[PDB]
Amino acid sequence: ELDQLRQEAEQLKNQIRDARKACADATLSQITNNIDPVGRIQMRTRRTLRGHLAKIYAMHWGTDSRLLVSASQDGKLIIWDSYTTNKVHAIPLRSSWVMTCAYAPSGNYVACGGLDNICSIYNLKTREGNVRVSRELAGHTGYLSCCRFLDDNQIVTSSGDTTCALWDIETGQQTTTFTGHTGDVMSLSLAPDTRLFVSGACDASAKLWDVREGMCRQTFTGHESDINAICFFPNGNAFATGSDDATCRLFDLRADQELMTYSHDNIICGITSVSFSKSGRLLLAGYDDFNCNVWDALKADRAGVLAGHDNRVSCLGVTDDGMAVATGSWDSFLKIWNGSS
Amino acid sequence: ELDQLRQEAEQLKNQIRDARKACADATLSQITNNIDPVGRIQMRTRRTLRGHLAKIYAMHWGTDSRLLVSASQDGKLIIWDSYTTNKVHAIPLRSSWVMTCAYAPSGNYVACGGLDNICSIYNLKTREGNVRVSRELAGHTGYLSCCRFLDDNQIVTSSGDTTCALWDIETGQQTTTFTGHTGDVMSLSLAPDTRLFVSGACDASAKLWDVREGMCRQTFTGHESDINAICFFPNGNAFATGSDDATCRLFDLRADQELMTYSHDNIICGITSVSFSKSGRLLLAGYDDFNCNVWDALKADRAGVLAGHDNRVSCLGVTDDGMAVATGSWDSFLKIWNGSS
Amino acid sequence: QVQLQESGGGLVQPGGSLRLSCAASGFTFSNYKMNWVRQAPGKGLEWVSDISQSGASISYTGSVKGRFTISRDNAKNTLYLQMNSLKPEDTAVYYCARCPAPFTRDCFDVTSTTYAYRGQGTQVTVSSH
Amino acid sequence: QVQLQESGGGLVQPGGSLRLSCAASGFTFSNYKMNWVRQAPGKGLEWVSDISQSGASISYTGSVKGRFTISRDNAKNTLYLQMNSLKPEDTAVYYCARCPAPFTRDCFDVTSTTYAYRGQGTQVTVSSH
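Analysis parameters
Residues numbered from 1 in each chain as written, not as in the entry; some residues may be left out. Chains lettered and ligands numbered in written order. Part of a larger assembly, values for the part shown. Heavy atoms only, no water. Residues with missing side-chain atoms left out of burial classes, pairs and counts. Contact = heavy atoms within 4.5 Å. Buried area = accessible area lost by both parts, 1.4 Å probe. Salt bridge = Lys/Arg side-chain N within 4 Å of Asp/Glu carboxyl O. Polar contact = N/O pair within 3.5 Å; in protein donor to acceptor, adjacent residues only side chain to side chain. Nonpolar A, V, L, I, M, F, W, Y, C, P; charged D, E, K, R; others polar. Buried < 20%, exposed > 50% of the residue type's maximum accessible area, 1.4 Å probe, protein only. Helix = DSSP H or I, 4+ residues; strand = E, 2+ residues; numbered from the N terminus. Pairing = 2+ DSSP bridges. Disulfide = S-S within 2.5 Å. Axes fitted to C-alpha atoms, helices over the stretch in contact; angles between N-to-C directions. Core = buried A, V, L, I, M, F, W, Y, C linked by side-chain atoms within 4.5 Å.

A. Representation of the interface of chain B and chain C. The interface of chain B with chain C comprises 13 residues on the first partner and 14 residues on the second. Taking both partners together, chain B and chain C bury about 970 Å²; carbon and sulfur atoms supply 42% of that area. Put simply, chain B and chain C have zero salt bridges between them. Summed over the shared surface of chain B and chain C, the result is three residue pairs in polar contact. Grouping the amino acids of the side of chain B that touches chain C by side-chain chemistry returns three nonpolar, three polar and seven charged.

This is the structure we're talking about:
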């Protein structure tokens, strides 16, 4: 019984591999030879945000690219103003251990989660000005790893039990459950149209899930170790993935296979956060070796390096307009980098 | 390696059985048909000895058939005078649990033992009249089951670890060790000439040991359950054994096999003690069903029944001259039975 | 001489069936209570099942109830253990043991290292191949 | 895709010799530390042995030290476990495991129920016949 199913599964993997090989018309690097190189990029720290007691684990940018949300292990959730550096809110978290935080597109609500396995969402529309726990979600057995906002009522949540959930804020119950992973889901990214989202887990694989039907569409297996960071391409037809093996890989949904791999012999440390620019030409990946590297998504060349953190860069975010990049490390500091002419 | 040795042992065992069958010229019962039956024997309780607190476990007669030694589980070792009922000594034993007691042929020393695994010997020659522990022996791991006196300096001891020892009183160390049993040795009997002694164990077998050489000579396997009692024939060329299977069997050293079995359908209880008479014609075996039975050693007929005990007859002894028989039970009473004309 | 011989055993695929035979000689089989004992690799002896003199009373340990069937035959002087739904954890050496005393409900040291009233035993290995 | 295939095993007489082969594909064998894990019947997973990237460091469990030998061939991308003087209690299902991260000395959850970087394994049965 088991043998006949395992052999059939292996035959299916072989067929999928053959299909992938058949459609491999050429290589992305080969067709990008006749492209002017991006060249050296110099970015200078414009704003430095300090005040967090413990290490910063995650952060999220705002829709207007003005307010950002940061979470630290001390139990503080601080909303920063990137322009004037002013602090707008400082929410004392019920659980000190927080691993992720999300900013709603409307900015009215802010989500978070951590080892408590509880996704706490706070409402900023209160007239009194006192922030409060608008809603609490408890349906995940594993540690809370990531969460993204779909709208004012729907949120996509990732946990460490190899399950992703789609919660409804008003009812406080899971609407759709995604169970197709064999390892802890680390992070997920939302498509520009908020139709499909891909998730990276500890099984060295990335799965594409549809919000409505709730069934996985495509599975990508090109990494050698745990996948830590995932982000969508600006056009939504591709996504870049980072792992512990010191390698970033770009996957194309239409091609159903990896397009190019960004790896360096000198680099041997892991990758924590990755994100694209507005145009998608640049790929800013935060590395474990106390600094971040800006790669060229087309030429696989190190466009620039950002070394301004005393510890590993835990999170990295890019504004919607791409004006600046905010990097949070374990040194309790948030650095905002902007290009100069 | 194990198979080639086990098969050889089985082949040897077959050879012994064939040798036993070859020499089986006839049956003892067949040749005793032309013998006048013993007839009914009526024995009356002449002396009743009381004063022990707990159950009597063992007793031994003296050489002169005047003084007897009794041991009780309460920790007392009382020397009784069979004629006038007077008590001569009452030894407070260090260990309450006592399973055997011995009376030296000279009468100067008395031995005892029990669950403590210590064989305590007391000297009655003290001029002050105050008894004391003359010697203590500690070389047995199992419970002390039986012990018999060879002389004032040599004692044969049986323990519950399938080991029999020959201690030297003056030195207090084992002189010879007998290790050929696979079960707990319950009791042993001394030959009249003190050259060979037989031991019965829980492996449903009886072994003959040589005191000087220290090596087993013959092994008898005719019982079905644990052997509890064993006694020599007056002439020394045979011995009778009692077991839990409610059967007594007579074994002949020269014939190397059992001669005749004393069993009754109505009797289903175990056997605790057995002893021969002066002439050996009678077999007085103390049964578990609250009474003792006197069997005919040549006709396998119940000569008489002694029912004067409130509990199981733990021990039974016969004088050297055969005038009377003393039986000890768990009712704390010692009954002396003598025949009447 | 009381001797017990065990027959049957060997390699058995999990979920299969097997039969164990215990031939007794040297005593009255009907009168004595019977027992079965097993010893797993690296573990001690553990009691498996028991059957009374007439077979009117039978018992089983929790790990085997409903899987094994114990029966005795007085006329043929043999004891049986029917095994089915075998699992890989049941591999062990099975011993045919006799309660030491007759006409008795108890038997104390059947599961003892140096018991002198048990057979050599046989090896049973539930291994898939 | 990361996959590990185990070869060798089956029925072996006690005191004999055996060889276990672990073929690894889908990653750099040299850069990842390797491990051997066994699961006895009715018991949980237990760590057997480990070998470093270059093989200069090797360790063993107390129940196995001096009995098994572990070696790795980077050129052939294979891992070996040479077993001799086997005992009946050594029967178990052997898994070939890999440390989750490269260029690291620590392996946290190798001996875990839902480890996703270990092979299917092979069955080894040390039973005499």
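B. Local environment of the interface of chain D and chain A. At the junction of the two partners, chain D supplies 14 residues and chain A supplies 14 residues. Between chain D and chain A, the buried area comes to about 1,000 Å², and carbon and sulfur atoms account for 46% of it. Three residues stand out in chain D for area buried against chain A, namely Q1, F103 and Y117 of chain D, and they jointly supply 40% of the buried area on that side. Residues that form the side of chain D that touches chain A fall into these classes: nine nonpolar, four polar and one charged.

C. Here's a closer look at the pairing of strand β8 (residues 78-84) of chain D. All names here are of chain D. Most of β8 sits out of view: five of its seven residues are buried. As paired elements, strand β3 (residues 17-25) and β8 share seven bridges and run antiparallel to each other. Considered in β8, the bridge of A23 is made with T78. As paired elements, strand β7 (residues 68-73) and β8 share six bridges and run antiparallel to each other. What sits directly across from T69, in β8, is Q82. Hairpin remark: β7 followed by β8, antiparallel, with four residues in the connecting loop; positive phi at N77, about 55 degrees.

D. Up close: the state of the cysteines. All chains considered together, the criterion is met by four disulfides over all chains. Each sulfur in the disulfide pair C22 of chain D and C96 of chain D lies 2.0 Å from the other. Taking the sign of the S-S torsion, about -75 degrees here, the bridge from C22 of chain D to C96 of chain D comes out left-handed. With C22 of chain D in strand β3 and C96 of chain D in strand β9 (residues 92-98), this residue pair connects regions lying 74 residues apart in the sequence. Each member of the pair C22 of chain D and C96 of chain D is classed as buried. In chain C, the bonded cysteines, numbered by position in the sequence, are linked as 1-2, 3-4. Of all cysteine sulfurs in the structure, the one in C146 of chain A sits closest to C164 of chain A, which takes part in no disulfide; the separation is 8.9 Å. Exposure remark for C164 of chain A: the relative accessible area of 0% places this residue in the buried category.

E. Unusual backbone geometry, seen in detail. Residue and element names in this part refer to chain B. Phi at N117 takes a positive value of approximately 65 degrees, unusual for a residue other than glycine. For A300, which is not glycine, the phi dihedral falls at a positive 55 degrees. Summarising the element assignment, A300 is placed in the loop between β24 (292-296) and β25 (302-306).

F. The sheet that holds strand β20 (residues 247-252) of chain B, seen in detail. Residue and element names in this part refer to chain B. Taken in spatial order, the four strands of this open sheet run β18-β19-β20-β21, and their pairing is antiparallel. Looking at the sheet topology across the chains shown, the edges are occupied by β18 (227-232) and β21 (257-263). The average undirected angle you get between the axes of adjacent strands in this sheet is 20 degrees. Direction of pairing for strand β19 (residues 238-243) relative to β20: antiparallel, over a ladder of five bridges. If you follow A238 over to β20, its bridge partner there is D252.

G. Region of the structure containing the nonpolar core. Formed by 28 residues in total, the largest nonpolar core has its most connected members in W36, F68, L79, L81, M83 and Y94 of chain C. The set of elements that each furnish at least two residues to this core consists of β3 (17-25), β4 (34-39), β5 (45-51), β7 (68-73), β8 (78-84), β9 (92-98) and β10 (122-126) of chain C. With four residues, β3 of chain C is the single largest residue contributor to this core. Residues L4, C22, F27 and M83 of chain D belong to the second largest nonpolar core, which totals 27 residues.

Note that every value here comes from positions in space, so none of it alone points to a role or purpose.
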